[PDB]
Each structure stands twice: as C-alpha cells, then as structure tokens.
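A.B. asks: Hey, dropping entry-v3.cif in here, mmCIF, C-alpha atoms:
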data_structure
loop_
_atom_site.label_atom_id
_atom_site.label_comp_id
_atom_site.auth_asym_id
_atom_site.auth_seq_id
_atom_site.Cartn_x
_atom_site.Cartn_y
_atom_site.Cartn_z
CA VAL C 1 53.69 -53.71 22.02
CA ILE C 2 55.32 -50.67 20.42
CA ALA C 3 53.02 -48.20 18.68
CA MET C 4 51.81 -49.02 15.18
CA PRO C 5 54.25 -48.31 12.30
CA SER C 6 51.71 -46.06 10.59
CA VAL C 7 52.25 -43.67 13.51
CA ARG C 8 56.01 -43.97 13.90
CA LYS C 9 56.63 -43.25 10.22
CA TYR C 10 54.94 -39.92 10.67
CA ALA C 11 57.24 -39.01 13.52
CA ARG C 12 60.13 -39.73 11.22
CA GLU C 13 58.70 -37.73 8.31
CA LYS C 14 58.72 -34.42 10.20
CA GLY C 15 61.53 -35.64 12.50
CA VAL C 16 60.38 -36.24 16.10
CA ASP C 17 61.56 -38.73 18.72
CA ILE C 18 58.42 -40.67 19.63
CA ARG C 19 59.99 -41.67 22.94
CA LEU C 20 60.18 -38.09 24.21
CA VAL C 21 56.56 -37.52 23.23
CA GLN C 22 54.23 -37.80 26.25
CA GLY C 23 50.58 -37.38 25.24
CA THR C 24 48.27 -39.98 26.76
CA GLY C 25 50.94 -42.63 27.14
CA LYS C 26 54.46 -42.68 25.72
CA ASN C 27 54.04 -46.40 25.02
CA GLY C 28 51.89 -48.74 23.00
CA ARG C 29 49.22 -46.09 23.75
CA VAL C 30 50.76 -43.37 21.59
CA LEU C 31 48.16 -41.58 19.44
CA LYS C 32 48.48 -39.78 16.13
CA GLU C 33 47.64 -36.52 17.84
CA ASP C 34 50.23 -37.43 20.43
CA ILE C 35 53.16 -36.55 18.22
CA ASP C 36 51.24 -33.86 16.35
CA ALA C 37 51.30 -31.85 19.55
CA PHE C 38 54.97 -32.64 20.18
CA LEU C 39 56.29 -30.34 17.49
CA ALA C 40 53.25 -28.04 17.35
CA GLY C 41 54.18 -26.75 20.80
CA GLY C 42 57.34 -25.35 19.18
CA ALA C 43 59.40 -24.28 22.20
#
Starting from the file, give its structure as structure tokens.

C.D. replies:
Amino acid sequence: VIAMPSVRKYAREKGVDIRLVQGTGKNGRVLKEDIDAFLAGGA
C-alpha cells in the first residue's frame, strides 16, 4: 500500500527520498506536508 503516486512524484521533483521522510507515518500514511517538511527543515 505504498503512498499515492501524486505524492511520490513531488518528492522526485525537488529530489527527496520519501523513505527517509518521517512525518505521521513513513508508509502508506505519508502526507503531502510530510515531504514538504523534509526539505524545509534544511539542515
């Protein structure tokens, strides 16, 4: 039950490994704001 493609494509656009992302759930429960925060954090 991987996340929807509409969300994964975004990750690819900016370049972010969805797997590493850990918002609410790094699984079929990955949100759009999940990855948004990934990179936003910066470092």

A.B. asks: Counting all atoms listed in the file, what is within 7 Å of residue 27 (chain C), bar same-chain residues fewer than 3 positions away, as a ChimeraX atom specification?

C.D. replies: /C:2-3,30

A.B. asks: When the PyMOL selection byres ((chain C and resi 23) around 12) is applied to the file above, which residues end up in the set, as an NGL selection string?

C.D. replies: :C and (18-22 or 24-39)

A.B. asks: Around all the atoms of region 6-15 of chain C listed in the file, with 4 Å of room on each side, what axis-aligned box do you get, giving centre and edge lengths in Å to one decimal, as JSON?

C.D. replies:
{"center_x": 56.6, "center_y": -40.2, "center_z": 11.1, "size_x": 17.8, "size_y": 19.6, "size_z": 13.6}
